[PDB]
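Undergrad: Provided herewith is a single structure, encoded as structure tokens, for subsequent inquiry.
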Amino acid sequence: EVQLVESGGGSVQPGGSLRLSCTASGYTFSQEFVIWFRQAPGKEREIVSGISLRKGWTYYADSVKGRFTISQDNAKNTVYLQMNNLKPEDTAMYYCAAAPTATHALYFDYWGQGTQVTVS
């Protein structure tokens, strides 16, 4: 009984900006870590960012550091991904996922239908 729903994608010019949302519902208290991952057609899933909701620790893929920022709003039970200075290489479907621990990518779960980001 946890569900995550992604929104906020769109088409933007190179250098532009989007804010994605990951809106959670259900008994989400166990799901202390949240990630955003992306998948482009014919490529493998890439984790772009993660956050510990309890401690505020963050992770970023090297190629998004300085461009993307993950944050949370607990009243809205939402995690956001600010994407600034977007690049063609960022084009993909974006999903969010959550887990009780931060040891294995495989344990992250509960992604929704994703949201498309296109940079051109």
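Identifiers in the structure tokens: chain A, B, ... in order shown; residue index from 1 per chain; ligand index from 1 in order shown.
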So that each row is one residue of region 24-115 of chain A with an atom at most 12 Å from region 3-16 of chain A, can you give its shortest atom pair and the distance in Å to one decimal, using only C-alpha atoms, rows by chain and rising number, as JSON lines?

TA:
{"residue": "A:24", "atom": "CA", "partner": "A:4", "partner_atom": "CA", "distance": 4.5}
{"residue": "A:25", "atom": "CA", "partner": "A:3", "partner_atom": "CA", "distance": 5.4}
{"residue": "A:26", "atom": "CA", "partner": "A:3", "partner_atom": "CA", "distance": 6.4}
{"residue": "A:27", "atom": "CA", "partner": "A:3", "partner_atom": "CA", "distance": 8.9}
{"residue": "A:28", "atom": "CA", "partner": "A:3", "partner_atom": "CA", "distance": 8.3}
{"residue": "A:31", "atom": "CA", "partner": "A:3", "partner_atom": "CA", "distance": 10.8}
{"residue": "A:34", "atom": "CA", "partner": "A:4", "partner_atom": "CA", "distance": 10.2}
{"residue": "A:35", "atom": "CA", "partner": "A:4", "partner_atom": "CA", "distance": 11.2}
{"residue": "A:36", "atom": "CA", "partner": "A:6", "partner_atom": "CA", "distance": 9.7}
{"residue": "A:37", "atom": "CA", "partner": "A:6", "partner_atom": "CA", "distance": 11.2}
{"residue": "A:38", "atom": "CA", "partner": "A:6", "partner_atom": "CA", "distance": 11.7}
{"residue": "A:67", "atom": "CA", "partner": "A:15", "partner_atom": "CA", "distance": 9.9}
{"residue": "A:68", "atom": "CA", "partner": "A:16", "partner_atom": "CA", "distance": 11.7}
{"residue": "A:77", "atom": "CA", "partner": "A:4", "partner_atom": "CA", "distance": 9.9}
{"residue": "A:78", "atom": "CA", "partner": "A:4", "partner_atom": "CA", "distance": 9.0}
{"residue": "A:79", "atom": "CA", "partner": "A:6", "partner_atom": "CA", "distance": 9.6}
{"residue": "A:80", "atom": "CA", "partner": "A:6", "partner_atom": "CA", "distance": 9.4}
{"residue": "A:81", "atom": "CA", "partner": "A:8", "partner_atom": "CA", "distance": 9.4}
{"residue": "A:82", "atom": "CA", "partner": "A:8", "partner_atom": "CA", "distance": 10.0}
{"residue": "A:83", "atom": "CA", "partner": "A:16", "partner_atom": "CA", "distance": 8.1}
{"residue": "A:84", "atom": "CA", "partner": "A:16", "partner_atom": "CA", "distance": 6.1}
{"residue": "A:85", "atom": "CA", "partner": "A:15", "partner_atom": "CA", "distance": 4.0}
{"residue": "A:86", "atom": "CA", "partner": "A:15", "partner_atom": "CA", "distance": 4.8}
{"residue": "A:87", "atom": "CA", "partner": "A:14", "partner_atom": "CA", "distance": 5.2}
{"residue": "A:88", "atom": "CA", "partner": "A:14", "partner_atom": "CA", "distance": 6.5}
{"residue": "A:89", "atom": "CA", "partner": "A:14", "partner_atom": "CA", "distance": 9.8}
{"residue": "A:90", "atom": "CA", "partner": "A:14", "partner_atom": "CA", "distance": 9.7}
{"residue": "A:91", "atom": "CA", "partner": "A:11", "partner_atom": "CA", "distance": 9.0}
{"residue": "A:92", "atom": "CA", "partner": "A:9", "partner_atom": "CA", "distance": 9.7}
{"residue": "A:93", "atom": "CA", "partner": "A:9", "partner_atom": "CA", "distance": 8.5}
{"residue": "A:94", "atom": "CA", "partner": "A:6", "partner_atom": "CA", "distance": 7.7}
{"residue": "A:95", "atom": "CA", "partner": "A:6", "partner_atom": "CA", "distance": 6.3}
{"residue": "A:96", "atom": "CA", "partner": "A:6", "partner_atom": "CA", "distance": 6.8}
{"residue": "A:97", "atom": "CA", "partner": "A:4", "partner_atom": "CA", "distance": 7.2}
{"residue": "A:98", "atom": "CA", "partner": "A:4", "partner_atom": "CA", "distance": 8.5}
{"residue": "A:99", "atom": "CA", "partner": "A:4", "partner_atom": "CA", "distance": 11.8}
{"residue": "A:108", "atom": "CA", "partner": "A:4", "partner_atom": "CA", "distance": 11.6}
{"residue": "A:109", "atom": "CA", "partner": "A:3", "partner_atom": "CA", "distance": 9.1}
{"residue": "A:110", "atom": "CA", "partner": "A:3", "partner_atom": "CA", "distance": 5.5}
{"residue": "A:111", "atom": "CA", "partner": "A:4", "partner_atom": "CA", "distance": 5.5}
{"residue": "A:112", "atom": "CA", "partner": "A:5", "partner_atom": "CA", "distance": 4.9}
{"residue": "A:113", "atom": "CA", "partner": "A:6", "partner_atom": "CA", "distance": 6.9}
{"residue": "A:114", "atom": "CA", "partner": "A:6", "partner_atom": "CA", "distance": 5.1}
{"residue": "A:115", "atom": "CA", "partner": "A:9", "partner_atom": "CA", "distance": 5.2}

Undergrad: Looking at A:63, A:1, A:100, A:56, which one is nearest to residue 32 (chain A), with distances taken over only C-alpha atoms?

TA: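 Checking each candidate against residue 32 (chain A), we get A:100 as the closest.
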
Undergrad: So how far away is CA of residue 101 (chain A) from CA of residue 65 (chain A), in Å?

TA: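 Computed distance, CA of residue 65 (chain A) to CA of residue 101 (chain A), equals 22.9 Å.
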
Undergrad: Determine, counting only C-alpha atoms, which protein, DNA and RNA residues have an atom within 10 Å of an atom of residue 58 (chain A); residues of the same chain fewer than 2 positions away are not included. Present the result as a list in words.

TA: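 Returned residues: residues 33, 34, 35, 49, 50, 51, 52, 53, 55, 56, 60, 69, 70 and 71 of chain A.
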
Undergrad: Based on the selection just made, write N, CA, C and O atoms of those residues as a CSV table (one decimal), in the first residue's frame.

TA:
chain,number,residue,atom,x,y,z
A,33,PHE,N,13.9,6.2,1.9
A,33,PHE,CA,14.9,6.7,0.8
A,33,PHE,C,14.0,6.8,-0.4
A,33,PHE,O,13.3,5.9,-0.8
A,34,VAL,N,14.3,7.9,-1.2
A,34,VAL,CA,13.6,8.0,-2.5
A,34,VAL,C,14.6,8.3,-3.6
A,34,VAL,O,15.6,9.1,-3.3
A,35,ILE,N,14.4,7.7,-4.7
A,35,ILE,CA,15.3,8.0,-5.9
A,35,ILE,C,14.5,8.5,-7.1
A,35,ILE,O,13.3,8.2,-7.2
A,49,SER,N,19.3,10.7,-8.9
A,49,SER,CA,19.4,11.3,-7.6
A,49,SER,C,18.7,10.5,-6.6
A,49,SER,O,17.8,9.7,-6.9
A,50,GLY,N,19.2,10.7,-5.3
A,50,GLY,CA,18.5,10.0,-4.2
A,50,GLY,C,18.5,10.9,-3.0
A,50,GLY,O,19.3,11.9,-2.9
A,51,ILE,N,17.6,10.7,-2.1
A,51,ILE,CA,17.5,11.5,-0.9
A,51,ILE,C,17.1,10.6,0.3
A,51,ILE,O,16.2,9.7,0.1
A,52,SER,N,17.7,10.8,1.4
A,52,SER,CA,17.2,10.3,2.7
A,52,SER,C,16.2,11.3,3.3
A,52,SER,O,16.6,12.4,3.6
A,53,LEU,N,14.9,10.9,3.4
A,53,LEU,CA,13.9,11.8,3.9
A,53,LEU,C,14.1,12.0,5.4
A,53,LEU,O,13.6,13.1,5.8
A,55,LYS,N,17.2,12.0,7.1
A,55,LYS,CA,18.5,12.7,7.4
A,55,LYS,C,18.8,13.9,6.5
A,55,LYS,O,19.6,14.8,6.8
A,56,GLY,N,18.3,13.9,5.3
A,56,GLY,CA,18.6,14.9,4.3
A,56,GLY,C,19.8,14.7,3.4
A,56,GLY,O,20.1,15.5,2.5
A,60,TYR,N,23.7,12.3,-6.2
A,60,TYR,CA,23.5,12.8,-7.6
A,60,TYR,C,24.5,12.0,-8.5
A,60,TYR,O,25.7,11.8,-8.1
A,69,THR,N,18.5,19.2,-8.5
A,69,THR,CA,18.5,19.2,-7.1
A,69,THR,C,17.2,18.5,-6.6
A,69,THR,O,16.1,18.8,-7.1
A,70,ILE,N,17.4,17.6,-5.7
A,70,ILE,CA,16.3,16.8,-5.1
A,70,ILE,C,15.9,17.4,-3.8
A,70,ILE,O,16.8,17.9,-3.1
A,71,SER,N,14.6,17.4,-3.6
A,71,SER,CA,14.1,18.1,-2.3
A,71,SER,C,12.8,17.4,-1.9
A,71,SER,O,12.2,16.7,-2.7

Undergrad: Would you mind reading off the distance between CA of residue 21 (chain A) and CA of residue 48 (chain A), one decimal, in Å?

TA: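 Between CA of residue 21 (chain A) and CA of residue 48 (chain A) the gap works out to 14.2 Å.
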
Undergrad: Do you have the CA of residue 41 (chain A)-CA of residue 117 (chain A) distance handy?

TA: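 Answer for the CA of residue 41 (chain A) to CA of residue 117 (chain A) separation: 12.4 Å.
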